[PDB]
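Take a look at this one chain, the form deposited in one PDB entry, written out in structure tokens.
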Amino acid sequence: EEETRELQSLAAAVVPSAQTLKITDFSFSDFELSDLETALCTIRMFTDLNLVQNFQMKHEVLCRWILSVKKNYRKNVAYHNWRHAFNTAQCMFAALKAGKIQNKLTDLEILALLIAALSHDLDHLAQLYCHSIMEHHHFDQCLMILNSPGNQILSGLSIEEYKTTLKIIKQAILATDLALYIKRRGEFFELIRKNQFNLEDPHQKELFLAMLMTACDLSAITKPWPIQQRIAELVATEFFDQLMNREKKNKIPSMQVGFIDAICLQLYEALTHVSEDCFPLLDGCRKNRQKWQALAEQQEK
């Protein structure tokens, strides 16, 4: 059978180091990786964030949980598929490690952010464009998988830990609603532009976690040019086809420039003020805007 065999492969595979897998890099791709390789990357993320050891996760249970999440993504359009969710999680790991946000967060927050990044597009006919203000995410399928026999990666948590973790997971998944990002970001941007931003209070914490989910969710926009151009083209094709191709391709530069200006640039600027080591996300976003703008101008002939 398909199910049992995937598990055996994964559980008995050597998990290469973070270094070897390049998951600490903001520039990380995934294009060339197999699903099994992404699963090994995911085990490494849980491991190097100390989640497996601090919460007593059983190896085979973690493997089964990863494989159940991937399986439940099967019917999704490609831009809300397992690879997107995996990329969102890798950006979170990179932001925690290279971007040094790990020191600013608790173990429960880190655990929930990783699980949310991985689960946020599990939603259970025309589909909305990627990151539309009209999308609304749900946590129901994430929780169902977490509570499923053999998949209970939170079994090691005390009841109080468990209830708090679920609350943060729900908030973090709901944070990927772009409408909620747009609604709340003004308060974030104002606290920072002044210098009043403070991780101390429950509220400014929840808000920072939400801005970080958004920053990871949109992070294809920060990638080196050949990766961003590729993703954007694929994403566009996935929506527009759900002189034909010319009409499609000619829209894309102005789409991306508009999205960077309205949504992305200010967020990665704000993130960089919280942690200067998240600078490469901003830099990459700025370089892609330059590249798409030159294409928008050259397409006007």
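All residue numbers are counted from 1 along the displayed sequence. Note that the rigid core is defined as the largest set of C-alphas that superpose within 1.5 Å between two forms.
Another form exists, deposited in another entry; not displayed. Remarks below refer to it.
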(request) Choose, among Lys100, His203, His136, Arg193, the residue with a C-alpha displacement of 2 Å or more between this form and the one not shown when the rigid core is used for superposition. (result) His136
(message) Given a superposition on the rigid core, I'd like a yes or no on whether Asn76 shifts its C-alpha by 2 Å or more between this form and the one not shown.
(response) yes
(message) Relative to what's shown here, the Cα pair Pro224 and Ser132 differs by 3 Å or more in that other deposited form. Does it come closer or drift farther?
(response) farther
(request) Over in the other structure, so in that other deposited form, do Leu180 and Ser132 pull closer or drift farther apart at the C-alpha level? The difference is 3 angstroms or more. (result) closer
